[PDB]
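K.L.:
Please see the structure below; I have some questions.
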Amino acid sequence: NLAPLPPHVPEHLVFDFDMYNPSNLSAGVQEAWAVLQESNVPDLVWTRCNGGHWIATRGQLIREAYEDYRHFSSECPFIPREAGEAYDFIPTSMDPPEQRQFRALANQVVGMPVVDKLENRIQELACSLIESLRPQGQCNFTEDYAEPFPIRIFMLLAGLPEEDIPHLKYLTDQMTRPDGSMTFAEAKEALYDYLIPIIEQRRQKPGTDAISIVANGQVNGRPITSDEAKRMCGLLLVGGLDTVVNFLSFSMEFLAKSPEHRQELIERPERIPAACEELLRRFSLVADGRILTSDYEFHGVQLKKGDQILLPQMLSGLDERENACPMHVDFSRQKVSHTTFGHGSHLXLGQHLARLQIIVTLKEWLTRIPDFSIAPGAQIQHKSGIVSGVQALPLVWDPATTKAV
Ligand code: HEM
Ligand SMILES: CC1(C)[C@@H]2CC[C@@]1(C)C(=O)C2
Ligand SMILES: [K+]
């Protein structure tokens, strides 16, 4: 239900949006969030859902808030409040100045140089998975590709058993789209329960995996503590297991449904990177936020100290004030404007990994399985949260239309 309105919040700003179960979910998750950008809805509304919080509805406000960490702190970045208070991943839960020393370490485990070195494993895995599926004439896209392809790479990188995937993924999802059986805090603590012994053990006898590197790293010239290492490793796991995994299904769903757009990429493969980018805008999927460090007036609205404000990364590129005809996918879009990977000082650090992962998928999939569709009569269900996703994507094709090598 709906938390009672705080004395400081005027009635005309109330729009009761639930980010975990939005009213128009059936029409598509990006579409359900876009109801916040209809003509009679303010730039800045208060929802009585999920304990009560603000939502900036437009790119300009979202951008401004992300830049202004002095008023909009990451210390409590998740809705509901219990989740933001329990949230303590590094660097995400820290503001500058302290946040920054940690980014460099994180970079050492997921940035460009790590990515260049993983690139042949990544390509190899995409081809392997796709060739395996090709002759079946069908798949459950989420289980058979969108999960194993990003996730086996991350486990490879982190030096963790593939048999640990289901427990890890379960826990991760409880932190972005809870089924209601675990609080944020309960899942985080269970994530820590798993990491703690491994981090110590990798501090005792370091390897060349990501956990060893974080575990034995330095932070602006001094050693990382055990507790900090854990709070960093947890964030990497979440990003490894619940970002690209969901993005791929939005993109594949779209491609299953538009043969023209497939044909465009088959016919002009040089368009793939630009296509990646337009799809990143279109099927944007993250929505975290910040907390007010003081009473502050912002675009003519009075915010109180401790108020939570959701600043949906998803919404900036769907905003018609940033991109005309924003629901329309155009790979030749002259100026693709979005905040898919964030804005300000917390700007995504796995974005090179993610764009490689996307681009490789587009290429290797259309190469082998050019014609394909949604299974007969399947109604694709989406799910909303910190990171939205797709419940299931059953796909079909005629193997005769496909090409191996
Ligand atoms: C489609 C893919 C992805 C999207 C849309 C995405 C989105 C984002 C967003 C919106 C933020 C900012 C959070 C905030 O400002 O509070 C962020 C930060 C971050 N992301 Fe990504 N992400 C993606 C893939 C990945 C991957 C694969 C990783 C690998 C681990 C990753 C690692 C991180 C890390 C470590 C941060 C924290 C940086 C900081 O707080 O300074 N992301 N990401
Ligand atoms: C919003 C995010 C996608 C960003 C990386 C993982 C995530 C869930 C975070 O906790 C920070
Ligand atoms: K916190």
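Ordering of the structure tokens sets the chain letters (A, B, ...), residue numbers begin anew at 1 in every chain, and ligands are numbered from 1 in the order given.
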Any residue with an atom at most 7 Å from ligand 1 counts, using only C-alpha atoms and all ligand atoms. Which are they? Put them as JSON, numbers by chain.
P.N.:
{"A": [74, 77, 90, 91, 92, 99, 103, 106, 110, 235, 236, 237, 238, 239, 240, 243, 244, 247, 284, 285, 286, 287, 288, 289, 313, 340, 341, 342, 343, 345, 346, 347, 348, 349, 350, 351, 353, 354]}
K.L.:
Any chance you can output those residues with C-alpha atoms as an mmCIF file, in the first residue's frame?
P.N.:
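File produced: result38.cif:
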data_model
loop_
_atom_site.group_PDB
_atom_site.id
_atom_site.type_symbol
_atom_site.label_atom_id
_atom_site.label_comp_id
_atom_site.auth_asym_id
_atom_site.auth_seq_id
_atom_site.Cartn_x
_atom_site.Cartn_y
_atom_site.Cartn_z
ATOM 1 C CA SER A 74 24.767 7.772 -2.791
ATOM 2 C CA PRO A 77 21.013 4.758 -3.134
ATOM 3 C CA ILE A 90 31.939 0.043 -2.745
ATOM 4 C CA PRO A 91 32.302 2.469 -4.579
ATOM 5 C CA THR A 92 28.601 2.812 -5.174
ATOM 6 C CA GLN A 99 34.619 7.017 -3.479
ATOM 7 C CA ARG A 103 37.176 3.083 -8.738
ATOM 8 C CA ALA A 106 37.607 -1.861 -9.573
ATOM 9 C CA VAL A 110 36.681 -5.016 -14.976
ATOM 10 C CA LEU A 235 29.184 -5.161 -6.292
ATOM 11 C CA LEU A 236 31.161 -6.915 -9.047
ATOM 12 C CA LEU A 237 29.098 -10.086 -8.549
ATOM 13 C CA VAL A 238 25.867 -8.072 -8.848
ATOM 14 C CA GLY A 239 27.057 -6.257 -12.011
ATOM 15 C CA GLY A 240 28.457 -9.559 -13.408
ATOM 16 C CA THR A 243 23.080 -6.246 -15.976
ATOM 17 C CA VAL A 244 24.009 -7.539 -19.461
ATOM 18 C CA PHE A 247 19.808 -6.224 -21.463
ATOM 19 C CA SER A 284 17.570 1.129 -20.932
ATOM 20 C CA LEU A 285 16.863 -0.704 -17.680
ATOM 21 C CA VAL A 286 18.431 0.728 -14.511
ATOM 22 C CA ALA A 287 16.806 2.970 -11.927
ATOM 23 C CA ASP A 288 18.679 3.696 -8.678
ATOM 24 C CA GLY A 289 18.925 7.039 -6.861
ATOM 25 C CA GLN A 313 18.884 6.189 -15.605
ATOM 26 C CA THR A 340 21.986 4.046 -19.540
ATOM 27 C CA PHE A 341 25.379 3.535 -17.860
ATOM 28 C CA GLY A 342 24.778 6.398 -15.421
ATOM 29 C CA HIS A 343 25.855 9.974 -14.952
ATOM 30 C CA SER A 345 31.033 10.193 -10.666
ATOM 31 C CA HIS A 346 29.489 6.743 -10.457
ATOM 32 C CA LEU A 347 29.396 6.295 -14.217
ATOM 33 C CA UNK A 348 29.545 2.571 -15.124
ATOM 34 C CA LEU A 349 32.934 0.844 -14.941
ATOM 35 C CA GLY A 350 31.925 -2.413 -16.703
ATOM 36 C CA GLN A 351 30.657 -0.530 -19.797
ATOM 37 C CA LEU A 353 32.800 -5.369 -21.007
ATOM 38 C CA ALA A 354 29.059 -4.786 -21.548
#
K.L.:
Compile the contact shell of residue 64 in chain A as a list in words: residues with an atom at most 12 Å away, counting only C-alpha atoms, same-chain residues fewer than 6 positions apart removed.
P.N.:
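What passes the distance filter is residues 56, 58, 70, 71, 72, 298, 299, 311, 316, 339, 342, 343 and 344 of chain A.
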K.L.:
Restricting it to N, CA, C and O atoms, dump the selection as a CSV table (one decimal), in the first residue's frame.
P.N.:
chain,number,residue,atom,x,y,z
A,56,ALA,N,12.5,11.9,-10.2
A,56,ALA,CA,12.7,12.8,-11.3
A,56,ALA,C,12.3,12.1,-12.6
A,56,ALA,O,12.7,11.0,-12.9
A,58,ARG,N,12.4,13.5,-15.9
A,58,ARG,CA,13.1,14.0,-17.1
A,58,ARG,C,14.6,14.0,-17.1
A,58,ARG,O,15.1,14.2,-16.0
A,70,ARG,N,26.9,16.7,-3.6
A,70,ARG,CA,26.7,17.5,-2.4
A,70,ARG,C,25.3,17.5,-1.8
A,70,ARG,O,25.2,17.4,-0.6
A,71,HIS,N,24.3,17.6,-2.6
A,71,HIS,CA,22.9,17.5,-2.1
A,71,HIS,C,22.3,16.1,-2.3
A,71,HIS,O,21.5,15.7,-1.5
A,72,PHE,N,22.8,15.4,-3.3
A,72,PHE,CA,22.2,14.1,-3.6
A,72,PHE,C,23.2,13.0,-3.4
A,72,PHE,O,24.0,12.6,-4.3
A,298,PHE,N,14.8,22.4,-5.4
A,298,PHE,CA,15.3,21.9,-6.7
A,298,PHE,C,14.2,21.9,-7.7
A,298,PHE,O,13.1,21.2,-7.4
A,299,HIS,N,14.4,22.6,-8.7
A,299,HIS,CA,13.3,23.0,-9.7
A,299,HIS,C,11.9,23.3,-9.1
A,299,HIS,O,10.9,22.8,-9.5
A,311,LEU,N,16.2,8.4,-9.3
A,311,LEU,CA,16.7,9.2,-10.5
A,311,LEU,C,17.0,8.2,-11.6
A,311,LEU,O,18.1,7.7,-11.8
A,316,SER,N,16.1,9.1,-18.9
A,316,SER,CA,16.7,10.1,-19.7
A,316,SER,C,16.6,10.0,-21.2
A,316,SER,O,16.3,11.0,-21.9
A,339,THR,N,21.4,8.1,-20.5
A,339,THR,CA,22.2,7.8,-19.3
A,339,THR,C,22.1,6.4,-18.9
A,339,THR,O,22.2,6.0,-17.7
A,342,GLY,N,24.7,5.5,-16.6
A,342,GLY,CA,24.8,6.4,-15.4
A,342,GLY,C,25.2,7.8,-15.8
A,342,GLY,O,25.4,8.2,-17.0
A,343,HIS,N,25.4,8.6,-14.7
A,343,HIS,CA,25.9,10.0,-15.0
A,343,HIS,C,26.6,10.5,-13.7
A,343,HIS,O,26.2,10.1,-12.6
A,344,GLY,N,27.6,11.3,-13.9
A,344,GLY,CA,28.4,11.8,-12.8
A,344,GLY,C,29.5,11.0,-12.4
A,344,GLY,O,30.2,10.4,-13.3
K.L.:
Of the candidates A:15, A:331, A:89, A:54, which shows the shortest atom-to-atom distance to ligand 2, using only C-alpha atoms and all ligand atoms?
P.N.:
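The shortest atom-to-atom distance to ligand 2 comes from A:89.
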K.L.:
Which residues come within 9 Å of range 368-380 of chain A, counting only C-alpha atoms, excluding same-chain residues fewer than 2 positions away, as a ChimeraX atom specification?
P.N.:
/A:26,28,127,130-131,134,137-139,253,255-259,262-263,266,363-366,382,390-399,401-405
K.L.:
Can you pull out the residues contacting residue 19 in chain A? Cut-off 9 Å, using only C-alpha atoms, and skip same-chain residues under 5 positions away; I want them as a ChimeraX atom specification.
P.N.:
/A:33,49-50,79,287,384-386
K.L.:
So which residues touch residue 301 in chain A within 9 Å, counting only C-alpha atoms, skipping near sequence neighbours fewer than 5 positions away, as a PyMOL selection string?
P.N.:
chain A and resi 9+44+296
K.L.:
Within 9 Å of ligand 3, counting only C-alpha atoms and all ligand atoms: which residues, as a PyMOL selection string?
P.N.:
chain A and resi 74-78+82-89+93-94
K.L.:
Restricting it to C-alpha atoms, dump the selection as a tab-separated table (two decimals), in the first residue's frame.
P.N.:
chain	number	residue	atom	x	y	z
A	74	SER	CA	24.77	7.77	-2.79
A	75	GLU	CA	25.07	6.78	0.84
A	76	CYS	CA	21.51	5.41	0.60
A	77	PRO	CA	21.01	4.76	-3.13
A	78	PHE	CA	18.20	2.10	-3.22
A	82	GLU	CA	15.71	-0.45	4.43
A	83	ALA	CA	17.44	-1.41	1.17
A	84	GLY	CA	19.34	1.87	0.74
A	85	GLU	CA	20.38	1.83	4.43
A	86	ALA	CA	21.63	-1.83	4.17
A	87	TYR	CA	23.28	-1.03	0.79
A	88	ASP	CA	27.10	-0.65	1.41
A	89	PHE	CA	28.78	-1.85	-1.76
A	93	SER	CA	27.65	3.66	-1.56
A	94	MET	CA	30.29	6.37	-1.28
K.L.:
Identify, on the basis of only C-alpha atoms, every residue whose closest approach to range 215-218 of chain A does not exceed 10 Å; exclude the query and any residue fewer than 2 positions from it along the same chain; express the result as a PyMOL selection string.
P.N.:
chain A and resi 101-102+104-106+108+198-207+209-213+220-230+232-233
K.L.:
At what distance in Å, to one decimal, does CA of residue 152 in chain A lie from CA of residue 188 in chain A?
P.N.:
21.4 Å
K.L.:
Let me make sure I understand: among A:69, A:184, A:250, A:194, which one has the smallest atom-to-atom distance to ligand 2 if we use only C-alpha atoms and all ligand atoms?
P.N.:
A:184
